Amino acid sequence: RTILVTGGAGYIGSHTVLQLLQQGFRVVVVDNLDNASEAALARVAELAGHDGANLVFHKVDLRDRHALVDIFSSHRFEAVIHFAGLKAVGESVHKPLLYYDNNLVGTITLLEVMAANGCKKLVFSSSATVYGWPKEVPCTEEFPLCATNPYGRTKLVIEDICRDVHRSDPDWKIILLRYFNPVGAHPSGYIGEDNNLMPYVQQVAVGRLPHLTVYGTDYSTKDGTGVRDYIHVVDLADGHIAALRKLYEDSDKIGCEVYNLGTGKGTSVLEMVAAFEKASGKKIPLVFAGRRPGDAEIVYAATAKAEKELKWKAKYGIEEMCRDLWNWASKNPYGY
Amino acid sequence: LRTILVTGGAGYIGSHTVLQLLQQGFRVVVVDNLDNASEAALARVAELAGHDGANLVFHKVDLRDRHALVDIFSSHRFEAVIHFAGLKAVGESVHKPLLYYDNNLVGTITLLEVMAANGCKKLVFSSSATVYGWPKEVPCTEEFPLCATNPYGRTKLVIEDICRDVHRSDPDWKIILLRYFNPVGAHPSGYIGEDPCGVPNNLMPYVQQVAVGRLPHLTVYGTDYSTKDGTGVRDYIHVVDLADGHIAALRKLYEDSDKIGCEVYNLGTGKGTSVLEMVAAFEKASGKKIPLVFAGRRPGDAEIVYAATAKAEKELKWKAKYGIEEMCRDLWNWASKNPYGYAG
Ligand SMILES: NC(=O)c1ccc[n+]([C@@H]2O[C@H](COP(=O)([O-])OP(=O)(O)OC[C@H]3O[C@@H](n4cnc5c(N)ncnc54)[C@H](O)[C@@H]3O)[C@@H](O)[C@H]2O)c1
Ligand SMILES: O=c1ccn([C@@H]2O[C@H](COP(=O)(O)OP(=O)(O)O[C@H]3O[C@H](CO)[C@@H](O)[C@H](O)[C@H]3O)[C@@H](O)[C@H]2O)c(=O)[nH]1
Ligand SMILES: O=c1ccn([C@@H]2O[C@H](COP(=O)(O)OP(=O)(O)O[C@H]3O[C@H](CO)[C@@H](O)[C@H](O)[C@H]3O)[C@@H](O)[C@H]2O)c(=O)[nH]1
C-alpha cells in the first residue's frame, strides 16, 4: 500500500513518514524543501532500518501541475496525507500573497490532480487556530470557526474547500486533523524540528537567548499565564496512522470528517518552563510582559470524538516532550 | 490620458462599465477569457462608443496565465484595475467547487501578484451582497456579519479577506470592494445586455425569455416567506447604475486615495421589491403576460435582502439614478431587439 505524503520532509511530516515506513507502507514524499532539509528524510530512512528502501523522495512544489501529474501517473496511491504549506504567522501578516498562493494554489492543484487520477482519499493537516479565541474550553470539533491571521485563514479556507469537494462528489473520503501545539522530537534525538514557545525556551536553556519573555500574566488561568494543549510530535504522527486506518476500514461510514489531535490537558507557560527546567537541568530566566496581541488566553482539545471515532488517544506527557526536545537539540544544536 | 484595466470586461456588468468608462474619456484595456461571454458585447460597446471605440483594446487572456498577464502589465501604465472576472453560477459552484476555487481564487491571486510586481496597487473588486448570507435585519449595512452559503459565495468572501490582508501588509495598496445587490436591466440603447447560456438562473433573464416566447412560464420559488406577498424581496439595481458606481470608485481612488485603505461599499438602491412586484413591473413595461408556476423555496435563497445606501451616498458620492420601471423598460428593449442575444 502506497501513500503520497506532501510536505513529508518537514517536522510533523518526517515523524509521520517514519511511522508509515514502520507500519509497512511504501511512502512517496513530495516536498519543495522550502522549510526543510533533505537530511531529515535521509535520517528517517536510516531510522527505518529494513524499511528505508520503501521511501521515495521527489523535490516538487505542489503548484507544479506537470510534475505532480507525473508523480501520480507513476504510482497507485491509496491516500494522500497533505502536510505541505507555509505556517509562520508573522510572515503571513507581512506576506499574505505568499501564503494564499502557496497554501491555496498548492492545495487546489493537488486536489485537482488527485481527482483526475482517481485518488480521492485525503488526510489534511489543519490546526486548532481555526477555533480563533474560543469562548469556552475544551474546544470540540463543533465549535465556531474563525481565523485570526492570514495563515489561519488559509487553513480554514482549505477545510471549507474539502467540505465542498465532498458535498460535490461522495466518492471523496477526507479526514481533517486539527493539530494542537506540537512539541518534541523522536526519542532517539536524531530527528526533530529544523516562532514557538518551546523552541524559544530551549534557546534560553543553552544561552542563545538571555531570557524567555512571558506574554501575559493576568489571564484567568491558574498561574495567570497562557494555557495550551501541547502534544508530542510522535503522538501527532500516530494520529495519521489512525486516520489511514479509519479510511481503510471505515470509508463506508465517513465523508469529510474532522478530528482534534490534542491531549485534552491545558498547560500554562510557567508549567512548561518548569517541565523544561527539570528535563534540561538549566534555568530559564524570565521577563514578565504584557499580553501578546492576537493571543488566545486558553485553548485545549476535547478529545472525545477522536477517542471514539478515530480510535486514537495521545500517549506521551509534557515532561517526556521536554526531555525529547532537549535530547534532540543537545545532540543537534544546529539541526541537520 | 488615463487607462483602466478591466478584467472580465466582456461580461454583463463589465461590458456596461467599459462603455461608461469610454464615454468619460478613459482608455480601457479588457482582459477576458471569453468563458462566459463572446466578443460581441465588446464590439457593440465599441459601436456605441463611436470614435471612442478606438480607446477599447481587448486581450483574450485568462487571469491564471501569469506570463500573458505580466506581458500586459509590463507594457502598460494603468491607473487602476477593475476586477469583474470570475465564475458566478451558484448551482454550478456546488457541483464543481474546484472549478470555482481554481478560477476565482487562483485568477485573483495571480492578478494581485502581477499588479504588485508591476507597480499598480489600485483595485476595484466585484463583491456581492451574498456575503451577508441570510441577514438578521434589513437594510444591510457594510458592518453586518459576513458569511458564505455556497462555494461561489465563499470565493467572494475569501477574496474580500485577501484584499484586506494585502492592504494591512502594504499601505501603498488602495482597494475598493463593491458589494453589488441584484443587477438588472441593460443600456437604454438596447444594443447590449445580459446574454446567459442555457436556462437562466436569475429572475429577470428568465422573465424576459418568457416574454419573448422562448420559455413557457416563470416558476416562482417560494410563496411562504414573511414578506408582503410571500415571495422573496431583493434590491434590484440597474446595471448602468452599477457601472456608474465604478466611475465613482475610480474617482475616490483618484481624488481621495490618502483617506482610504481597503474600503467596502454597498451598491444598491435601498428599496426592496418582491418577485411578484418585478413580474408586474415587467408586464407593464413589455405589454406581455408572464404565466406562472408555483414551487417551493429554492435551497439557499434568502428571504429579504436590500442595501443600506448611506455609506456609498456619503463616501462615494454615489446614488442610483434609475428605478424599477426604467430597469424593466431597458431589459425589455434589449430582449425584444435581441431575443436570441448577440448570436441572433
Ligand atoms: N450579476 C450577478 O449575478 C452578480 C451579482 C453580484 C456579483 N457578481 C459578480 O460580478 C462580476 C460580474 O458579474 P457579471 O454578471 O458581469 O458576470 P459575467 O459572467 O457576465 O462576467 C464574468 C466574466 O469574467 C470572465 N472570466 C471568468 N473567469 C476568467 C478568468 N480566469 N480570466 C479572465 N476572464 C475570466 C468571463 O468570461 C465573463 O465574461 C462577477 O465576478 C460576479 O461574480 C455577480
Ligand atoms: O516567547 C513566548 C512565546 C509564547 N509564549 C506564550 O506561550 C504560549 C504558546 O505560544 P506559541 O508557541 O506562540 O503557540 P500559540 O500561541 O498557541 O500559536 C502558535 O503556535 C501554534 C502551534 O504550533 C500555531 O498553530 C499558531 O499558528 C502559532 O501562532 C502562548 O500562551 C504564548 O503567549 C510566551 O509567553 N513567550
Ligand atoms: O426562476 C426564478 C428565479 C428567481 N426567483 C426568485 O427571484 C428572486 C431573485 O432571485 P435571483 O435573480 O436568482 O437572485 P438572488 O438569488 O438574489 O441572487 C442575485 O443577488 C445576489 C446578491 O448580490 C448575488 O450574489 C447573486 O449572484 C445574484 O445573481 C428570489 O427571491 C428568487 O427566489 C424565482 O422565483 N424564480
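The basis for the numbers below is simple: all heavy atoms, side chains too, and nothing from hydrogens, waters or symmetry mates. Just so we're on the same page: letters track the sequence lines, and every chain starts at 1. Start at 1 and go down the list; that is how both ligands and their atoms are numbered.
- The shortest contact between atom 8 (C) of ligand 3 and any protein heavy atom is with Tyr236(B) OH, 3.5 Å.
- Residue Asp301(B) approaches ligand 3 through these ligand atoms, each under 4.0 Å from one of its heavy atoms: 32 (C), 33 (O).
- For ligand 2, the atoms lying closer than 4.0 Å to a non-hydrogen atom of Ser127(A) are 25 (O).
- Residues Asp229(A) and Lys265(A) are not paired through a salt bridge, judged by the lack of any N-O separation under 4.0 Å between the basic side chain and the carboxylate.
- Protein heavy atom nearest atom 28 (N) of ligand 1, with residue, atom name and distance: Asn103(B) ND2, 3.0 Å.
- Distance from atom 12 (O) of ligand 2 to its nearest protein heavy atom, with residue and atom name: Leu197(A) N, 2.8 Å.
- The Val220(B) neighbourhood of ligand 3 comprises atoms 35 (O), with distances under 4.0 Å to a heavy atom of that residue.
- By the 3.5 Å distance cut-off applied to N or O atoms, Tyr152(B) is not counted among the residues near ligand 3.
- For atom 39 (O) of ligand 1, the closest non-hydrogen atom of the protein is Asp32(B) OD2, 2.9 Å.
- Those atoms of ligand 3 with a heavy atom of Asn201(B) less than 4.0 angstrom away are 13 (O).
- Regarding atom 14 (O) of ligand 3, its nearest protein heavy-atom neighbour is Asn182(B) ND2, 3.2 Å.
- Set against the non-hydrogen atoms of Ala129(B), the atoms of ligand 3 under 4.0 Å away are 22 (C), 23 (O).
- Taking atom 36 (N) of ligand 3 as the reference point, the nearest protein heavy-atom neighbour is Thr219(B) O, 2.8 Å.
- Considering both main-chain and side-chain atoms, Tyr180(B) comes within under 3.5 Å of ligand 3 through a nitrogen or oxygen pair.
- You'll find the side chain of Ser126(B) stays beyond 4.5 Å of the side chain of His83(B), heavy atoms only.
- The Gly226(A) neighbourhood of ligand 2 comprises atoms 31 (O), with distances under 4.0 Å to a heavy atom of that residue.
- With hydrogens and angles ignored, the 3.5 Å screen pairs no side-chain donor or acceptor of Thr273(B) with any backbone N or O of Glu277(B).
- No part of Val90(B) comes within 4.0 Å of ligand 3, judged by heavy-atom distances.
- Between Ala302(B) and ligand 3, not a single N/O pair is under 3.5 Å apart.
- Taking a distance limit of 4.0 Å, we find that atom 26 (C) of ligand 3 is approached by no protein heavy atom.
- At the top of the distance list for atom 23 (O) of ligand 2, counting protein heavy atoms only, stands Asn196(A) OD1, 3.2 Å.
- Between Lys156(B) and ligand 1 there is a heavy-atom distance shorter than 4.0 Å.
- The protein non-hydrogen atom at the shortest distance from atom 30 (C) of ligand 2 is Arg228(A) NH2, 3.8 Å.
- Residue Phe294(B) does not touch ligand 3, judged by heavy-atom distances below 4.0 Å.
- Checked by distance only, ligand 1 and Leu87(B) stay at 3.5 Å or farther apart across all their nitrogen or oxygen atoms.
- In this structure, of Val269(A), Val130(A), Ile231(A), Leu212(A), the residue bringing a heavy atom nearest to atom 6 (C) of ligand 2 is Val269(A).
- A salt bridge links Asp101(A) and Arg66(B); the closest N-O separation between the charged side-chain nitrogens and carboxylate oxygens is under 4.0 Å.
- In this structure the side chain of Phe124(A) never reaches within 4.5 angstrom of the side chain of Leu177(A), judged on heavy atoms.
- Between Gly216(A) and ligand 2 there is no heavy-atom distance shorter than 4.0 Å.
- Residue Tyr215(A) touches ligand 2 through backbone and side chain together, judged by heavy-atom distances below 4.0 Å.
- Of all protein heavy atoms, the one lying nearest to atom 13 (O) of ligand 3 is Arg298(B) NH2, 2.8 Å.
- What sits closest to atom 5 (N) of ligand 3 on the protein, heavy atoms only, is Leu203(B) CD1, 4.1 Å.
- Within ligand 1, the atoms closer than 4.0 Å to a non-hydrogen atom of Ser126(B) are 10 (O), 11 (C), numbered from 1 in the order shown.
- Look at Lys60(B) and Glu39(B) and you find no salt bridge, because none of the NZ, NE, NH1 or NH2 atoms lies under 4.0 Å from a carboxylate O.
- With a 4.0 Å heavy-atom cut-off, ligand 3 is reached by no atom of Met204(B).
- Checked by distance only, ligand 1 and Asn33(B) come closer than 3.5 Å through their nitrogen or oxygen atoms.
- Ionic pairing of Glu159(A) and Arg154(B) is not present here: no N-O contact between side-chain nitrogen and carboxylate oxygen is shorter than 4.0 angstrom.
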